[PDB]
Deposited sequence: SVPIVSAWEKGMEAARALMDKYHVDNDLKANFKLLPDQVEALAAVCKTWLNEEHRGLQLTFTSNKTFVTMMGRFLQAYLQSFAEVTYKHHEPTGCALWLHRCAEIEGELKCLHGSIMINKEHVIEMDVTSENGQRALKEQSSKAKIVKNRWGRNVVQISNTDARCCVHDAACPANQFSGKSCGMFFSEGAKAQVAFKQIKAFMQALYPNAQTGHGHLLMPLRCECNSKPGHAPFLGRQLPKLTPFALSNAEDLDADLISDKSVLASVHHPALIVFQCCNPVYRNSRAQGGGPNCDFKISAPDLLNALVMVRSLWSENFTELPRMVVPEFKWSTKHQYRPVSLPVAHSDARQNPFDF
């Protein structure tokens, strides 16, 4: 082996970084380490500008799309050179066999068990079609137990529409797939937990999963469209959107990417790669498995209710 795995990785990365004009300091300081994603994301950004200036993202931030590209590029780099860093899987993602578009009206959470119907009233809007993790079956809507996977939907039916969207999006891009149509590509890490030794935090332990309506996609005329990808959204006008583990309406971040854009980050990195290497290495995004490590970490604190009385008890 002419040069080590690490030296091989490094030579491929430097080739990329020179070809794409990355900042000199990013280049100088790049050492192929597991948290060094910024120089690779700059490769990706520069290629986007050069080759895909009009790319339209939907419920996705520019920065998150480009960072995910960086992560997927990091993964192919590490596979090319055969370098792995134990406990630092590079993509920060997983493949969830969701089963949320199999049965009509029916959702399943990360545990793989069906979600229970709840009422969720917000203030005043009455959602009669909420869904909770079965472990949260006795909590108020949108409160989570120590056994929760963290998943809740205020509107079950819109959630299912978003899962049908991603499934049809995948059918359109892989019409002949033998496998993977029922899998969701999902991130396991936002900025808050992108490093394995990050400071522990309370709340949800995985990027939040939320369906967003594409409210104008119905005001659209289906007959003019032949692109099956686009048709997935016309027929199912809602997107799965991933945000921070604990998005702010503890740490929190601006991570935001829709499921189709996330898939696109991977597909587009496969194109960047093919313009630079003759073969695409094997690159395995882990299959998601429920484990107790992903449990919501609630803090349930009693709060006193007001009593006009001076004294607690009559004697």
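Going by the record, the unmodelled stretches of the deposited sequence, in order, are 1-2, 126-156, 283-290.
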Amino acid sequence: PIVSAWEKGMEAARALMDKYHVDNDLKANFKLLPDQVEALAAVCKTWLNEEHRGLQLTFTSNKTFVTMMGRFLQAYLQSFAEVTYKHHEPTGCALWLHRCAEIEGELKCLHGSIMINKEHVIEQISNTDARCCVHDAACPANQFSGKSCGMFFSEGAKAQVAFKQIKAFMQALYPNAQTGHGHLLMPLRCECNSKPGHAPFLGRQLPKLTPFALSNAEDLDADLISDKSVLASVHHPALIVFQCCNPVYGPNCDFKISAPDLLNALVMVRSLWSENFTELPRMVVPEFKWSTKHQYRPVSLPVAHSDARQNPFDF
From here on, numbers count along this sequence of modelled residues.
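Note on 56-64 vs 23-31: mean CA B-factor is higher in 23-31.
For the pair 44-52 and 262-270, the mean Cα B-factor is higher in 44-52. Per the deposited coordinates, the residue with the largest Cα temperature factor out of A157, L231, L224, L202 is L224.
Residue set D136, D129, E89, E106: peak C-alpha B-factor at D129 (per PDB entry). Ranked within its chain, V248 lands in the highest third, by CA B factor from the PDB record.
In the deposited entry, the Cα temperature factor of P281 sits in the top third of values across the chain's modelled residues. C93: CA B factor in the lowest third of modelled residues in this chain (values from the PDB entry). Sort the modelled residues of the chain by CA B factor and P196 lands in the highest third. Annotation for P140: CA B-factor lies in the highest third of the chain's modelled residues.
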